[PDB]
Amino acid sequence: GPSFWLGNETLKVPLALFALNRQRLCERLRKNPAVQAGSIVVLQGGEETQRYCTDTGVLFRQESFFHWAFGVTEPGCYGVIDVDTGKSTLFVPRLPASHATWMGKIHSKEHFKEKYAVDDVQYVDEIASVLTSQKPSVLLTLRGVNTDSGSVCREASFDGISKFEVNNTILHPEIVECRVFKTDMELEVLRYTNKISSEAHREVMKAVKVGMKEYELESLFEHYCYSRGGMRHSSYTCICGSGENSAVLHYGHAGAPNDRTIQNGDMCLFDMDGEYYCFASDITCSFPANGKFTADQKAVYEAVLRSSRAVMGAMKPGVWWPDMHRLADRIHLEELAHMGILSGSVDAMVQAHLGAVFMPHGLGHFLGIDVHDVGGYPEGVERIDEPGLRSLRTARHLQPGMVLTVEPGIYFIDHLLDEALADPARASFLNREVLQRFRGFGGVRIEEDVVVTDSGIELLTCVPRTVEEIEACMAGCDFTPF
Amino acid sequence: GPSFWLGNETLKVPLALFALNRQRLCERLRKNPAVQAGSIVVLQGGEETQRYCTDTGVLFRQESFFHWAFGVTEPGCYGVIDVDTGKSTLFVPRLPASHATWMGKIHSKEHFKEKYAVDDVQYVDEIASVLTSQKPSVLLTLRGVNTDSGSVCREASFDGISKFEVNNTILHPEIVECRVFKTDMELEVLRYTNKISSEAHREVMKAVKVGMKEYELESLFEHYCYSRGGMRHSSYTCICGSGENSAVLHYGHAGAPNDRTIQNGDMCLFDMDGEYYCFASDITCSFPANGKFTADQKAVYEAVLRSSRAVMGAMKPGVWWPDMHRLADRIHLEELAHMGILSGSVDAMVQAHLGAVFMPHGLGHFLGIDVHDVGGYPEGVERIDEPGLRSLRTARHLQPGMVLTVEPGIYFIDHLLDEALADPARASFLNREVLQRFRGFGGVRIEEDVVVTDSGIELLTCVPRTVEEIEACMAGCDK
Ligand code: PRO
Ligand code: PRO
Ligand SMILES: [Mn+2]
Ligand SMILES: [Mn+2]
Ligand code: NA
Ligand code: NA
């Protein structure tokens with residue numbers, strides 16, 4: 001069958017991947033008692049966009065649900081699936097003659113059918129008449145709430161949809177649940193994205209020199225991922241935190257655009273990834289800017305390495321993800337106590353939520369077509385209203401096929417530390433005189449991507465992780481663009 | 001005063017640049033008979049966006065009119081200017097404490113006042129109260145039509161604006177006209193963007209190899225502009241057309257994503273640039289993939305080079321830009337005839353609009369904060385309804401301070417050639433027996449950025465252009 005490919009050593013992704021997803025969605029919908037026979041799934045692709053009122057085009061990236069079902073890269077398309085048969089039909093725009101001058105070849109309907117291995121291809125302006133001729137029960141459209149953004153999914157619509165019976169409640173929870181569980185074909189892509197990004201992280205560690213700007217490493221990472229990986233997009237805005245910036249979880253945005261000079265003695269926290277064909281990776285490496293851990297840096301870093309490996313070692317089907325978050329908290333507190341930053345009963349620290357002072361974010365999240373993938377809080381799965389845990393992007397139990405990030409971290413965040421020092425329930429645990437040394441330290445985060453198996457997990461990421469390994473990697477005398 | 005800077009060898013941009021723009025706008029509005037005393041210009045900045053319904057953040061780039069006036073990089077801001085006094089007030093979001101954990105330090109209002117050198121800073125939620133305090137005659141908001149996209153500019157709005165008198169017709173043509181004419185400080189930035197982009201084009205020519213994918217060069221170009229120039233964003237989607245893809249003017253979009261393998265004998269057309277601090281550059285270099293021009297490639301290229309230099313040599317204040325487009329058409333037809341592709345009277349070719357077959361786009365466009373900058377077609381300036389000329393992005397007369405691209409090109413586009421061969425008014429001019437050899441050639445585009453001066457132009461771009469210069473640059477020669 002046909003496959004998506006950018007040549008060179010990039011991965012060939014079979015379009016059968018998306019046919020399997022369409023089939024899995026139909027199989028699940030058929031088992032839903034509320035689903036009438038003759039139902040048709042209707043999805044609307046993304047459209048081209050420009051900057052504000054200008055004609056400056058924004059690079060198009062397909063909507064995730066639509067890509068999951070069809071894998072279509074072209075803007076302005078629709079896609080429908082007959083639930084009972086699973087028959088797929090892709091609607092493409094009818095392009096004007098001038099498209100041949102400015103944009104490129106005007107491909108046939110037959111070309112798209114062969115390209116995407118769908119059952120039929122029609123023009124977008126025909127969608128109402130085509131659907132009418134098919135005598136459908138009900139049009140199943142996408143509407144639901146993304147539990148990370150709070151946004152409502154955009155329901156498909158076309159002129160003449162008035163005429164149909166539309167249900168916009170059934171589909172979202174079912175297609176979400178399908179996306180939660182990755183097929184072996186999806187997993188082959190996620191292995192690939194992790195490979196390229198792992199290689200790019202290694203190159204960054206090799207290249208980093210005191211005096212460079214953080215964004216120089218962002219540029220190198222993205223250049224490796226694009227030129228060698230075909231990853232034209234980044235799965236998110238790259239986070240290149242040097243020094244105290246490594247305590248800023250989502251550093252690198254426009255308000256704080258990776259513009260700090262890397263100084264001798266800094267800890268680097270590089271949380272960056274790209275996507276290949278809308279499939280994500282999410283990896284974070286922490287390392288000393290000058291290639292040699294100090295004693296304090298080693299202690300903080302190896303505390304996070306310990307929680308990382310303890311969580312991965314415990315992960316298997318049936319494990320409650322909040323329990324893993326709480327395991328990482330307890331480990332961090334134990335290590336911080338060993339360092340002398342903390343004193344007293346770790347049990348009491350945990351009862352007082354002291355772990356969230358040092359890790360205010362969730363231990364990890366689902367990963368897939370979106371870096372913060374869907375399905376973390378389906379109906380009946382509630383968010384825990386406790387420090388740290390409330391930032392978890394899922395409170396679910398692990399099952400085979402789920403793809404998770406494991407990204408424990410320890411950070412020295414002034415306003416969270418100051419809050420704790422003012423709370424008598426937590427101040428007694430903290431040793432101000434030792435902690436003062438760690439103000440401005442920043443933080444360490446170690447992020448791995450894993451797949452839940454029948455017996456445990458499969459690690460997708462392959463980067464240096466121990467102190468010895470990182471120091472060996474950064475000292476490696478051996479990718480020189482220009 | 002304070003300056004924008006990304007360190008290393010990047011350009012320090014003084015915030016005085018934007019203060020001057022604010023000054024120029026007030027001076028122009030004070031002379032507008034429709035403007036009454038006590039008027040306040042109100043602009044709304046861009047906001048953060050995400051991918052569809054996800055929480056995947058989109059890299060924020062400021063709206064261009066707002067940037068021109070204030071140069072603010074943060075999302076969620078408003079900006080207002082008192083016309084009579086020129087007093088500027090920046091409105092910044094009131095951030096939650098959570099921001100200190102996830103996004104970074106919560107800067108004080110005084111921090112932003114210092115950073116942007118504005119007269120006052122307030123929080124966005126206080127805009128209604130602050131403006132009511134000032135007792136304005138009218139609020140001058142932004143609404144108009146962009147003549148390249150056809151979009152309507154987003155007019156500023158806030159809770160309680162209904163209580164004010166709002167005019168949305170006066171500002172747009174005036175702030176557009178200010179943007180048409182670049183101050184000396186703006187030119188310093190456009191000189192820098194051209195510098196970096198030119199260097200990146202040189203590096204690409206040095207690095208191209210047969211067998212590479214087009215997007216490998218896109219990646220290298222962006223990496224140079226960002227790592228060495230601080231051009232985090234690119235000014236538009238890079239166009240890396242190899243072979244017949246060089247006949248596609250806006251190749252490289254999602255539908256045609258620079259994924260062709262570069263083959264021996266191919267002509268490369270690389271139309272790619274970046275922006276620094278929302279200031280654009282627009283450069284195109286054409287060159288043979290294997291580093292050596294064939295005879296045919298030399299002929300097509302030097303035809304475009306001749307038109308390029310003819311236009312640049314003729315550009316000066318008072319010149320009508322469509323005349324420069326027709327000048328390029330005539331030179332193209334002359335040289336295509338000299339190559340044996342065409343035969344007959346060039347006068348007759350021009351009268352038949354044959355030039356548009358080979359250059360179906362406009363000769364060049366205004367450049368500034370947007371690659372296709374504003375002000376090309378103000379009221380009274382009409383689009384010429386003829387092939388080629390109708391694609392011009394401005395029909396204005398050149399004046400000092402204008403910044404334009406000069407990007408003639410020659411392409412071999414089958415459906416346009418076939419249309420001409422079926423047209424008796426044009427068919428006799430084309431020699432099939434020679435044209436057959438150039439089918440699938442692609443095309444050549446040579447794009448320079450220039451500033452109109454009192455004497456002529458200042459050329460901002462600095463890349464190799466002659467056949468000998470290009471072959472030398474791709475052989476790694478220092479220059
Ligand atoms: O947003 C999240 O959930 C993770 C935590 C650190 C940055 N990314
Ligand atoms: O859009 C325009 O006007 C020019 C023509 C070639 C590509 N850019
Ligand atoms: Mn993550
Ligand atoms: Mn241009
Ligand atoms: Na992360
Ligand atoms: Na151009």
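- In the nomenclature of the PDB entry, chain B corresponds to Xaa-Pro dipeptidase from the organism Homo sapiens.
- According to its UniProt record, chain B has this under Subunit: "Homodimer."

- Going by what the PDB entry lists, chain A is known as Xaa-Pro dipeptidase and is assigned to Homo sapiens.
- The record in UniProt for chain A states the following under Catalytic activity: "Xaa-L-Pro dipeptide + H2O = an L-alpha-amino acid + L-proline".
- UniProt lists a comment for chain A under the heading Subunit, and it reads "Homodimer."

## Some points on the sheet that holds strand β3 (residues 40–44) of chain B
All names here are of chain B.
In step 1: With mixed pairing, six strands are arranged side by side in an open sheet as β6-β5-β4-β3-β7-β8. Edge positions in the sheet fall to β6 (120–123) and β8 (166–167), since each of these pairs with one other strand and no more.
In step 2: With five bridges connecting them, β3 and strand β4 (residues 78–82) associate as antiparallel partners. From the neighbouring strand, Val 42 faces β4, where its bridge partner is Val 80.
In step 3: On top of the sheet, helix α1 (residues 16–30) reaches β3, β4, β5 (88–92) and β7 (139–140); it is set at about 50° to β4, its chief contact.

## Some points on the pairing of strand β3 (residues 40–44) of chain A
Looking along a regular strand, one sees the side chains alternate between the two faces of the sheet.
Residues and elements named next belong to chain A.
In step 1: Most of β3 sits out of view: five of its five residues are buried.
In step 2: Pairing geometry for β3 and strand β6 (residues 78–82), over five bridges, is antiparallel. Within β6, the residue paired with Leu 43 across the bridge is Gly 79.
In step 3: Of the strand pairs in this sheet, β3 and strand β9 (residues 139–140) are connected by two bridges, and their pairing is parallel.

## Description of the coordination of the manganese ion (ligand 3)
Residues and elements named next belong to chain A.
In step 1: The protein atoms that coordinate the manganese ion (ligand 3) are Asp 282 (OD), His 365 (NE2), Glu 407 (OE) and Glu 447 (OE), at distances spanning 2.0 to 2.4 Å.
In step 2: Ordering the donors of the manganese ion (ligand 3) by residue number gives the pattern D-x82-H-x41-E-x39-E.
In step 3: Separating the manganese ion (ligand 3) from the sodium ion (ligand 5) is a gap of 2.4 Å, which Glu 407 spans by donating to each of them. Of the two residues, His 365 sits in the loop between α12 (355–358) and β16 (403–406) while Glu 447 sits in the loop between β18 (443–445) and β19 (448–452), which places them 82 residues apart along the sequence.

## Notes on the side chain of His 325 of chain B
In step 1: Along the chain, the position of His 325 of chain B falls in helix α10 (residues 321–338).
In step 2: Contact partners of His 325 of chain B, with chain neighbours within four places excluded, come to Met 359, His 361, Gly 362, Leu 363, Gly 388, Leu 389 and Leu 392 of chain B.

## What about empty space enclosed by the protein?
Residue and element names in this part refer to chain B.
In step 1: Taken as a whole, the largest cavity encloses approximately 40 Å³ of empty space.
In step 2: Along its surface, the largest cavity is lined by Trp 68, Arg 179, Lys 182, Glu 186, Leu 190, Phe 279, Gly 368, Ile 369 and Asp 373.
In step 3: Looking at the lining of the largest cavity, its residues break down into four nonpolar, one polar and four charged.

## Overview of the site of ligand 1
In step 1: The environment of ligand 1 is made up of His 250, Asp 271, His 361, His 372, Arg 393, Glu 407 and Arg 445 of chain A together with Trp 102 of chain B.
In step 2: Residues close to ligand 1 are split across chains A and B.
In step 3: With respect to ligand 1, the side chain of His 372 of chain A contributes an N or O atom lying 3.4 Å from an oxygen atom.
In step 4: At 2.8 Å from an oxygen atom of ligand 1 is found a side-chain nitrogen or oxygen belonging to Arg 393 of chain A.
In step 5: Contact with the protein chains hides 97% of the accessible area of ligand 1, taken as 250 Å² for the molecule alone.
In step 6: Here the shell around ligand 1 is composed, by residue class, of one nonpolar, three polar and four charged.

## Here we look at the UniProt feature "binding site: Mn(2+) 2" in chain B
All names here are of chain B.
In step 1: The sites that UniProt annotates as "binding site: Mn(2+) 2" are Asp 282, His 365, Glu 407 and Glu 447. A stretch of 166 residues holds the annotated residues, and the largest C-alpha distance among them is 10.8 Å, short enough that they meet in one place.
In step 2: Residue placement: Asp 282 occurs in the loop between β10 (267–271) and β11 (284–288).
In step 3: On the basis of relative accessible area, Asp 282 is assigned to the buried category, the value being 3%.
In step 4: Discounting residues that sit within four places of it in the chain, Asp 282 has contacts with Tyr 236, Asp 271, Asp 273, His 365, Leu 367, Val 371, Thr 405, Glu 407, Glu 447 and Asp 449.
In step 5: Inspection of the secondary structure assignment puts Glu 407 in the loop between β12 (403–406) and β13 (409–411).
In step 6: Look at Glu 407 and you get buried, because its relative accessible area is 8%.
In step 7: Apart from residues lying up to four places away in sequence, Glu 407 is in contact with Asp 271, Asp 282, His 361, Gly 362, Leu 363, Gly 364, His 365, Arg 445, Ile 446 and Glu 447.

## Quick look at the nonpolar core
In step 1: Residues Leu 90, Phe 287, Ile 341, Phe 358 and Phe 412 of chain A are the most contacted members of the largest nonpolar core, which totals 124 residues.
In step 2: Residue contributions to this core peak at eight residues, all from helix α7 (residues 184–207) of chain A.
In step 3: The residues that make up this core include at least three from each of domain 1 (3–180) and domain 2 (184–475) of chain A.
In step 4: Once you skip the residues sitting within four places of it in the chain, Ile 341 of chain A turns out to touch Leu 336, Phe 358, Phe 412, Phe 429, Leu 430, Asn 431, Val 434, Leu 435 and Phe 438 of chain A.
In step 5: Counting 123 residues, the second largest nonpolar core, distinct from the first, contains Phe 70, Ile 196, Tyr 224 and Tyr 277 of chain B.

Rules used throughout
- Residues numbered from 1 in each chain as written, not as in the entry; some residues may be left out.
- Chains lettered and ligands numbered in written order.
- Heavy atoms only, no water.
- UniProt positions renumbered as here; feature names shortened; annotations may be inferred.
- Pairing = 2+ DSSP bridges.
- Helix = DSSP H or I, 4+ residues; strand = E, 2+ residues; numbered from the N terminus.
- Contact = heavy atoms within 4.5 Å.
- Axes fitted to C-alpha atoms, helices over the stretch in contact; angles between N-to-C directions.
- Buried < 20%, exposed > 50% of the residue type's maximum accessible area, 1.4 Å probe, protein only.
- Donors = N, O, S within 2.8 Å, 3.2 Å for Na, K, Ca; no water.
- 1 Å grid on protein atoms, 1.4 Å probe; cavity = no way out; pocket = protein on both sides within 12 Å on 5 of 7 lines; lining within 4 Å.
- Points joined across faces, edges and corners; volume = space filled by probe spheres on them.
- Nonpolar A, V, L, I, M, F, W, Y, C, P; charged D, E, K, R; others polar.
- Near = heavy atom within 4 Å.
- Polar contact = N/O pair within 3.5 Å; in protein donor to acceptor, adjacent residues only side chain to side chain.
- Areas by Shrake-Rupley, 256 points an atom, 1.4 Å probe, with all protein chains shown as cover.
- Core = buried A, V, L, I, M, F, W, Y, C linked by side-chain atoms within 4.5 Å.
- Domains from an automatic or database assignment.

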